[PDB]
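Chains as they are written, first to last, in the deposited numbering: chain Y, 65 to 240; chain V, 19 to 216; chain T, 41 to 138; chain U, 2 to 112, 133 to 146; chain 9, 40 to 135; chain q, 25 to 56; chain i, 32 to 124; chain d, 77 to 97, 105 to 199, 207 to 294.
Using N, Cα and C, we set each Cβ at its ideal position, and we do this for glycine too.
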Amino acid sequence: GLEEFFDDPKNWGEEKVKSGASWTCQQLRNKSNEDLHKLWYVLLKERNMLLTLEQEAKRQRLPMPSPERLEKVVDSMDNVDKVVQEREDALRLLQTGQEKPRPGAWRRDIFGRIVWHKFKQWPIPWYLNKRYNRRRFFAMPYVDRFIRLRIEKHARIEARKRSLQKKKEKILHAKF
Amino acid sequence: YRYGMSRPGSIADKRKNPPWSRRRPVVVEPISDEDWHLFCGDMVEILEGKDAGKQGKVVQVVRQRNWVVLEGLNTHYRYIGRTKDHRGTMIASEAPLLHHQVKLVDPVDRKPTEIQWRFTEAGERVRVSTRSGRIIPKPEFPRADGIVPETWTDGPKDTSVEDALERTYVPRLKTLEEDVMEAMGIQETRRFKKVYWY
Amino acid sequence: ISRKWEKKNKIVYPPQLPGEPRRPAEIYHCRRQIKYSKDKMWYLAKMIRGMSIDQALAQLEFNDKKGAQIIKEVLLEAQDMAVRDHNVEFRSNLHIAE
Amino acid sequence: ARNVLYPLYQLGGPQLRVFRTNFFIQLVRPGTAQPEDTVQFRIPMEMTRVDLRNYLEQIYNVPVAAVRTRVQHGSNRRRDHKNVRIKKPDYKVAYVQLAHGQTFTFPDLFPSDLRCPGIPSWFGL
Amino acid sequence: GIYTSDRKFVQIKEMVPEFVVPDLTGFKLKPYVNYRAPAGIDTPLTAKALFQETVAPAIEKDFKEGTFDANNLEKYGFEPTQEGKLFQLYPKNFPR
Amino acid sequence: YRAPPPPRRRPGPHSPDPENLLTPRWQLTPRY
Amino acid sequence: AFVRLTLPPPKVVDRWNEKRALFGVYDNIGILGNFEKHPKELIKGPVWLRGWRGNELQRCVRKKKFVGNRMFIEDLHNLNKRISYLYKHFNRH
Amino acid sequence: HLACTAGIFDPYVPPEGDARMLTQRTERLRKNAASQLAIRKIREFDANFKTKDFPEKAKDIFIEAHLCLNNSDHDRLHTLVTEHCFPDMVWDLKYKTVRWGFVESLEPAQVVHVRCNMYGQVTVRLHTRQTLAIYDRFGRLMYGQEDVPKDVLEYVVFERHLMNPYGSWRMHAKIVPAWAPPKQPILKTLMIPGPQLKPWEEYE
RNA sequence: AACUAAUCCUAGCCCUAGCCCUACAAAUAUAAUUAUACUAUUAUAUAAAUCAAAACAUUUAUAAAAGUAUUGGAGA
Numbered sequence: 065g066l067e068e069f070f071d072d073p074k075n076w077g078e079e080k081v082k083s084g085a086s087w088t089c090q091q092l093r094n095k096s097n098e099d100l101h102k103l104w105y106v107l108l109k110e111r112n113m114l115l116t117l118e119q120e121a122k123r124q125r126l127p128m129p130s131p132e133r134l135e136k137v138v139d140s141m142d143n144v145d146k147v148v149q150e151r152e153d154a155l156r157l158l159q160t161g162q163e164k165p166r167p168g169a170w171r172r173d174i175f176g177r178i179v180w181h182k183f184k185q186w187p188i189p190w191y192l193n194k195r196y197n198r199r200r201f202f203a204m205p206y207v208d209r210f211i212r213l214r215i216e217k218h219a220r221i222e223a224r225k226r227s228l229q230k231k232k233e234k235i236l237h238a239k240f
Numbered sequence: 019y020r021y022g023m024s025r026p027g028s029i030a031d032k033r034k035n036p037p038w039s040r041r042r043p044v045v046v047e048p049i050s051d052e053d054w055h056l057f058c059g060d061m062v063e064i065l066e067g068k069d070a071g072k073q074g075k076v077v078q079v080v081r082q083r084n085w086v087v088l089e090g091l092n093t094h095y096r097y098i099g100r101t102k103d104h105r106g107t108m109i110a111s112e113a114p115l116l117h118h119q120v121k122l123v124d125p126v127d128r129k130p131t132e133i134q135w136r137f138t139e140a141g142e143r144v145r146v147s148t149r150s151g152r153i154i155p156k157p158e159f160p161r162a163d164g165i166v167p168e169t170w171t172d173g174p175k176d177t178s179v180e181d182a183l184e185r186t187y188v189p190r191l192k193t194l195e196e197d198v199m200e201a202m203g204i205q206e207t208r209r210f211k212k213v214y215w216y
Numbered sequence: 041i042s043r044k045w046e047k048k049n050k051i052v053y054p055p056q057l058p059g060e061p062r063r064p065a066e067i068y069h070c071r072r073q074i075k076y077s078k079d080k081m082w083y084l085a086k087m088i089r090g091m092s093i094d095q096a097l098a099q100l101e102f103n104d105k106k107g108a109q110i111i112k113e114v115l116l117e118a119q120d121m122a123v124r125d126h127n128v129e130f131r132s133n134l135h136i137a138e
Numbered sequence: 002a003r004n005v006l007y008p009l010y011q012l013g014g015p016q017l018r019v020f021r022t023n024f025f026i027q028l029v030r031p032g033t034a035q036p037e038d039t040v041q042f043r044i045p046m047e048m049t050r051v052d053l054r055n056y057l058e059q060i061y062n063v064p065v066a067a068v069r070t071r072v073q074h075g076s077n078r079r080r081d082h083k084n085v086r087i088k089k090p091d092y093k094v095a096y097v098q099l100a101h102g103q104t105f106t107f108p109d110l111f112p133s134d135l136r137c138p139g140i141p142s143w144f145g146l
Numbered sequence: 040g041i042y043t044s045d046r047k048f049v050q051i052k053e054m055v056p057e058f059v060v061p062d063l064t065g066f067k068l069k070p071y072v073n074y075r076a077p078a079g080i081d082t083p084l085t086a087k088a089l090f091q092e093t094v095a096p097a098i099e100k101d102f103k104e105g106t107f108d109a110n111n112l113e114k115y116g117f118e119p120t121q122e123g124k125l126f127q128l129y130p131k132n133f134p135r
Numbered sequence: 025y026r027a028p029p030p031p032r033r034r035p036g037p038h039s040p041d042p043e044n045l046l047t048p049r050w051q052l053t054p055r056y
Numbered sequence: 032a033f034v035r036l037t038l039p040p041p042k043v044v045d046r047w048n049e050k051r052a053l054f055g056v057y058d059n060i061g062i063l064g065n066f067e068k069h070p071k072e073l074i075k076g077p078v079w080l081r082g083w084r085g086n087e088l089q090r091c092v093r094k095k096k097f098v099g100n101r102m103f104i105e106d107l108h109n110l111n112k113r114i115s116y117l118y119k120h121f122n123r124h
Numbered sequence: 077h078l079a080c081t082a083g084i085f086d087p088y089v090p091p092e093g094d095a096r097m105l106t107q108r109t110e111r112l113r114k115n116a117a118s119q120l121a122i123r124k125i126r127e128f129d130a131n132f133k134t135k136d137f138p139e140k141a142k143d144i145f146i147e148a149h150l151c152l153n154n155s156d157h158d159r160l161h162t163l164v165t166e167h168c169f170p171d172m173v174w175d176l177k178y179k180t181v182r183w184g185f186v187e188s189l190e191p192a193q194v195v196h197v198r199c207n208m209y210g211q212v213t214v215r216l217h218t219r220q221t222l223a224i225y226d227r228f229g230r231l232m233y234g235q236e237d238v239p240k241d242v243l244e245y246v247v248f249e250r251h252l253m254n255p256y257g258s259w260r261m262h263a264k265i266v267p268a269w270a271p272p273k274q275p276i277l278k279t280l281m282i283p284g285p286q287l288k289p290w291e292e293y294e
């Protein structure tokens with residue numbers, strides 16, 4: 065309903081609105097799967113109204129009453145998602161053993177780095193997908209020089225780090 | 019960035035540490051979490067300062083500067099309410115105390131006794147005085163919002179106490195999405211065709 | 041930047057003894073930032089040197105330069121603080137020493 | 002739902018159902034002059050007008066007659082202390098006309134002594 | 040939807056999401072919780088915990104009874120493939 | 025302060041390990 | 032130019048610290064140790080100049096030989112170019 | 077954090093002719116019903132607070148604080164007076180040099196009335219001759235005479251923080267009796283400005 | 001005691017020693033960063049010259065024996 069997008073008529077003009085603590089993760093875990101789905105929308109509805117009220121406050125150049133309310137709802141909403149995700153993660157691992165919901169693998173880019181490549185579903189297979197074959201997952205021979213530079217760069221960073229520590233040590237003696 | 023009495027990110031802090039400021043940094047002796055023994059609400063005796071020798075309760079701790087703030091102690095005087103119409107009213111303004119400038123107080127005997135950190139049967143770390151060994155319990159501090167949990171009265175949109183504590187989850191081999199389907203009876207018989215992931 | 045002209049106005053002399061003549065009052069006033077050329081302002085300053093408070097105000101009122109208007113505001117401010125803080129009993133009894 | 006992956010559809014594939022919605026919308030007082038039945042909404046840029054129609058009809062049980070949506074460009078003229086351009090987040094404004102003859106009006110949210138000066142009044146001397 | 044030839048839009052009903060809205064009537068869980076309500080000690084659910092809570096009792100009872108075999112592992116809840124379910128754990132085929 | 029002990033070298037025969045990468049080739053020769 | 036308007040804090044240095052107190056000890060290891068260990072053996076520093084000294088070109092050339100294989104490719108190329116200038120200056124001027 | 081509270085809990089009403097004035108001492112006993120219960124509250128925390136002996140201790144603080152003005156001993160004056168009193172004493176003395184002296188008290192100081207997390211305010215009656223001369227920034231004399239004694243009777247309120255173990259009596263406020271004469275006028279002459287009006291407006 | 005100005009100490013760096021190493025979502029090589037088909041898909045030659053030979057042409061380095069014999073428009 066339209067009224068749900070707005071605060072209680074009595075609360076209008078109040079400096080703050082009395083609200084309690086946000087939902088904790090354990091309490092949401094105690095709640096049932098169906099309850100969690102129901103709660104998310106209930107949490108969301110308040111968030112939209114608070115967001116709805118906040119935008120009107122921005123239009124009016126006015127403060128939002130009890131801004132902590134929005135943070136509490138977001139904390140409750142965020143806690144719900146992890147609990148739901150945790151249950152999904154546990155079942156996924158048991159039935160399939162996969163630690164990631166989406167298929168993926170470690171692949172080497174043209175720069176010689178090793179990065180996790182998330183597989184994409186396509187209507188056609190890779191071998192008949194010329195564009196996918198056109199995509200480059202191989203490192204050129206010249207990247208060996210870059211790899212040596214990367215190792216040298218890491219060593220340089222450590223050397224600079226020691227220099228940074230040395231200057232800090234000087235002032236410690238000066239200060240104390 | 020030099021940490022000050024002003025909270026980081028505040029208007030005073032921004033003036034204290036503007037983006038272009040490159041002042042000679044102040045060095046603070048690092049203190050480990052185990053090493054640190056001063057917490058808000060702890061009764062401590064000021065070793066040195068304006069109010070040296072006066073025991074006070076901590077109200078703010080800037081661990082970055084090893085600063086402990088005691089309300090109504092180490093106090094200099096400033097004017098509140100200075101305006102065109104009125105000169106202003108003098109008030110008490112506290113100054114930070116470094117960690118070495120205070121020491122913990124043994125409850126039974128009020129003295130600045132050096133303390134050593136040791137665990138208890140429950141496993142909670144508790145400070146123990148090096149001499150006249152005794153347990154200094156962690157002090158009780160009111161909630162920052164000022165809300166006493168039990169005294170709090172539920173307002174609009176607030177779940178009652180029992181509702182939050184109720185447990186309805188039943189361990190089963192079904193996700194939230196699957197469980198929602200059973201309760202609301204969502205059924206889908208269509209099937210995606212073979213998809214080549216890559 | 042140096043602001044020693046104000047500090048000259050903060051000078052406090054020792055209490056005069058009963059058998060000591062009343063010290064003539066000295067007021068130091070300045071406007072640090074003016075979007076105007078000093079040379080043009082100097083010409084106005086040079087003419088008004090040594091004149092009385094009332095005479096300077098009258099001359100400035102009919103001056104066409106923008107700097108003269110600024111000086112009049114500065115002069116009026118100096119006169120106000122002189123009576124308010126420097127114990128100038130008579131408004132007319134003021135002259136431009138420098 | 003925004004910032005999430007949606008299943009690819011093939012012939013005969015399952016109907017797309019979003020059981021939990023990440024779309025968050027804000028009702029805003031009309032900046033321009035609009036009919037009373039028309040309602041403005043600030044919505045995520047990835048939401049479709051059909052999604053809003055389904056969103057209002059299902060989550061909020063609001064009957065909708067017509068929907069008009071516009072994208073407002075966020076000003077990038079502003080620059081920080083480093084002279085780096087700051088871009089205002091782009092937002093989508095949705096004009097929704099209610100059905101069933103319903104009408105909407107934005108609620109009114111946020112309805133010493135002068136004779137003796139120089140001697141402090143403290144002095145009795 | 041899909042755009043056909045001549046750049047004419049043809050909405051695909053399947054690809055248009057349907058918002059499944061829970062029934063919030065009579066539901067005691069709300070945007071906020073009382074400051075009165077004590078927090079619970081976090082015990083996140085994991086594959087081992089889910090197996091212990093749900094799968095372990097069934098196998099334990101069957102093993103003592105002797106009616107356990109590799110062929111009936113799916114009876115205790117193993118899914119050889121995720122295909123056929125509206126919500127597939129891997130590959131993920133459903134929106135949140 | 026007390027001066028540190030005078031340096032003392034390891035005495036007696038020392039046979040280099042052929043497999044060790046660090047050991048130089050000349051230390052593994054029959055002449056060695 | 033302009034000069035500091037503040038005086039630096041006073042500093043006190045101990046001349047009898049162990050390093051200064053024991054500086055030079057065991058410098059007679061060879062004569063007092065039966066010459067088993069030469070004082071040159073007591074030098075600790077860059078490998079290519081331990082117990083050895085030479086002109087800038089000789090020091091650079093010796094440095095290249097000692098750590099040429101363990102030097103960076105960029106450094107080795109720079110060292111090669113630097114050696115060229117040093118060689119020409121000393122050997123042609 | 078506040079160690080003092082502005083204002084007086086209950087303002088004691090001085091009777092005309094008290095300067096001419105046993106007698107007044109008995110009035111406290113008659114009014115002790117109103118104040119003695121308060122006196123007990125100060126006594127409970129201290130037990131050494133007596134209306135007879137407090138004025139001597141109170142008198143020293145009053146004189147000492149005034150002495151700090153001559154030397155501009157702000158740090159010393161802070162302890163003597165409460166936070167409320169401090170600005171009043173020194174605010175109008177800015178950029179001024181004052182020679183202040185205390186002549187022998189005309190009559191003995193006596194506690195008059197007291198009131199009281208808990209802040210106790212004690213009203214003390216003081217009639218004393220004092221010499222005051224304030225000079226300009228340039229040293230010109232602007233108020234008072236260097237060595238002429240002016241007899242003034244006033245009621246002075248001191249305050250203490252009863253709850254604090256280290257709480258002590260610090261000068262807080264002064265009650266001026268209505269029958270007291272006006273203070274000496276400034277040497278210089280002031281002008282009351284006339285009404286300021288816009289061109290179309292007319293004189294009022 | 002005047003305006004313009006000036007004042008300061010750490011931001012960090014440098015060289016050796018030591019040590020090798022084996023550590024959000026979303027979008028993307030299509031037109032990179034464009035949520036799904038198109039169109040198959042891809043780096044690297046003696047290192048040279050400059051330079052030295054006062055030009056230029058073969059030529060011109062980049063533990064002791066020893067900068068010696070040899071080699072070289074026998075010249076750098």
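- Task: Out of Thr279 (chain d), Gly284 (chain d) and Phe248 (chain d), state which residue places its alpha-carbon closest to the alpha-carbon of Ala148 (chain d).
- Result: Here the closest residue by C-alpha is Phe248 (chain d).
message: Looking at the strands, I want to know which residues DSSP matches up with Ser132 (chain T).
response: Answer by DSSP bridge pairing: none, since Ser132 (chain T) is not bridged.
Between which two residues does the beta strand (DSSP E) carrying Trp170 (chain Y) extend?
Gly168 to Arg172
- Query: Are there three or more Cβ pairs, one per stretch, closer than 8 Å when the segment 156-165 of chain Y is compared with the segment 107-124 of chain 9?
  - Reply: yes
Rounded to whole angstroms, how far is the Cβ of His118 (chain V) from the Cβ of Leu65 (chain V), which I believe are closer than 8 Å? The distance from the Cβ of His118 (chain V) to that of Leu65 (chain V) is about 7 Å, consistent with a contact at the 8 Å cut-off.
Original post:
From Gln220 (chain d), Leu277 (chain d) and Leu216 (chain d), pick the residue whose C-alpha is nearest to that of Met232 (chain d); which is it?
Top reply: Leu277 (chain d)
>> Tell me the rounded alpha-carbon separation between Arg93 (chain Y) and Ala201 (chain V).
In response: So the alpha carbons of these two residues sit roughly 18 Å apart.
DSSP puts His251 (chain d) in a beta bridge; with which residues? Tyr209 (chain d)
Which same chain residues end up closer than 6 Å to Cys168 (chain d) when comparing Cβ atoms and leaving out the 5 residues on each side of it in sequence? Here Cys168 (chain d) has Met261 and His262 as same chain residues with Cβ atoms under 6 Å from its own Cβ, once five neighbours each way along the sequence are excluded.
* **Candidates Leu115 (chain V), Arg41 (chain V) and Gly106 (chain V): closest to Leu91 (chain V) by CA position** => If we check each option's Cα against that of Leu91 (chain V), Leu115 (chain V) comes out closest.
According to DSSP, which residues form a beta bridge with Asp241 (chain d)?
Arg219 (chain d)
* Within the same chain, show all residues whose beta-carbon is closer than 6 Å to that of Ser142 (chain U), passing over the 5 residues directly before and after it, in chain order. => Excluding residues within five positions, the ones whose Cβ falls inside 6 Å are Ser133.
Cα-Cα separation, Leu115 (chain Y) to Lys175 (chain V): 16 Å
Note to self: Please return the same chain residues whose Cβ sits closer than 8 Å to the Cβ of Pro239 (chain d), not counting the five positions on each side in sequence.
What the structure shows: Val186, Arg219, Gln220 and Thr221
Worksheet item: Is it true that the CB of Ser147 (chain V) sits closer than 8 Å to the CB of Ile133 (chain V)?
Response: Yes, the pair counts as a contact, with Cβ atoms nearer than the cut-off.
Check the Cβ of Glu216 (chain Y) against every Cβ in chain i and list those closer than 7 Å, keeping chain order.
Going along chain i in sequence order, the residues near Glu216 (chain Y) (Cβ under 7 Å) are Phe103.
Span separating the alpha-carbon of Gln90 (chain Y) from that of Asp124 (chain V): 38 Å
Margin query: Measuring CB atoms only, is the segment 130-150 of chain Y touching the segment 98-106 of chain Y, in the sense that at least three cross pairs come out at less than 8 Å?
Written below: yes
With a threshold of 8 Å on Cβ separation, who are the neighbours of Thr131 (chain V) within its own chain once the five nearest residues in sequence on each side are excluded?
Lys121, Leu122, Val123, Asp124, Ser147, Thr148, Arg149 and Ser150
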